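Taking it in order: structure first as structure tokens, then the write-up.
What follows draws every value from the coordinates through simple rules; no lab data is involved. In this analysis, Cβ positions are derived from the backbone assuming ideal geometry, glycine residues included, and neighbour counts consider all displayed protein chains.
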Amino acid sequence: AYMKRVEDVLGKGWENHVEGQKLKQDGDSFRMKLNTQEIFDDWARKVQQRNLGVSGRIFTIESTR
Amino acid sequence: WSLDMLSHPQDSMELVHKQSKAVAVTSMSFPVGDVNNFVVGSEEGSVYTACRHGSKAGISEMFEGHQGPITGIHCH
């Protein structure tokens, strides 16, 4: 939303402008430090690891104890 | 060029006379008021007046009154 604020303020020629190139680079790297699909990957692996023998444990409806 | 955007010229064209030969400019100068009719010190002689806006932009006419290669020009 800030980026669209920036370009609406600075026109569409915006990174060509002296500062826009900088803020572009910074927002891009900041965005790259936010692509969280790895968290879902590794966490889905841990979930799958648990899913191997836990998620459907109705195999003993009234399990002994 | 704008002083903001510099990755591409804002407005740009060449400078050729009636013939398609180059105009090796050297120290041009706009006159007083920026009437876009800047004078251009060419390489040697053929000093020109050149416009910027309109289809007639660029080289207007050649006046030669010296043969040594030009080094500068100024207006007042």
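What are the residues in region B:1-56 that are under 11 Å from the mean Cα position of the chain (by Cα), assigned to a strand (DSSP E or B) and aliphatic (A, V, I, L, M), if any?
Hits for region B:1-56 are B:16, B:39, B:40, B:47, B:50.
For region B:32-39, check the following and say yes or no: at least one residue is acidic (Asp, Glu), within 14 Å of chain A (Cβ to nearest Cβ) and either surrounded by fewer than 10 Cβ atoms within 10 Å (Cβ to Cβ) or touching a helix residue (DSSP H, G or I) at 6+ places or on another chain (Cβ under 8 Å) (or both). Step through it out loud before you land on a result.
The initial filter retains those residues of region B:32-39 that are acidic (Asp, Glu), namely B:34.
Filter once more, so that each one left must be within 14 Å of chain A (Cβ to nearest Cβ): none.
So far as region B:32-39 goes, no, none of its residues is acidic (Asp, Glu), within 14 Å of chain A (Cβ to nearest Cβ) and either surrounded by fewer than 10 Cβ atoms within 10 Å (Cβ to Cβ) or touching a helix residue (DSSP H, G or I) at 6+ places or on another chain (Cβ under 8 Å) (or both).
So which pairs qualify, if the first residue must be in region A:1-18 and at negative phi, the second must be among the hydroxyl-bearing types (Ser, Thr, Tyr) and exposed (fewer than 14 other Cβ atoms within 10 Å of the Cβ), the Cβ gap must be under 8 Å, and the two must be at least 6 apart or on different chains?
Hits for this filter: A:16/B:7.
Can you tell me which residues in region B:1-17 are surrounded by 12 or more Cβ atoms within 10 Å (Cβ to Cβ) and either among the small types (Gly, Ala, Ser) or within 10 Å of chain A (Cβ to nearest Cβ) (or both)?
Matches in region B:1-17: B:2, B:4, B:5, B:6.
So how many residues does region B:57-72 have that are under 16 Å from residue B:23 (Cα atoms), free of Cβ contacts under 8 Å to residues at least 40 places away in the same chain and not in a strand (DSSP E or B)?
Total satisfying the criteria: 3.
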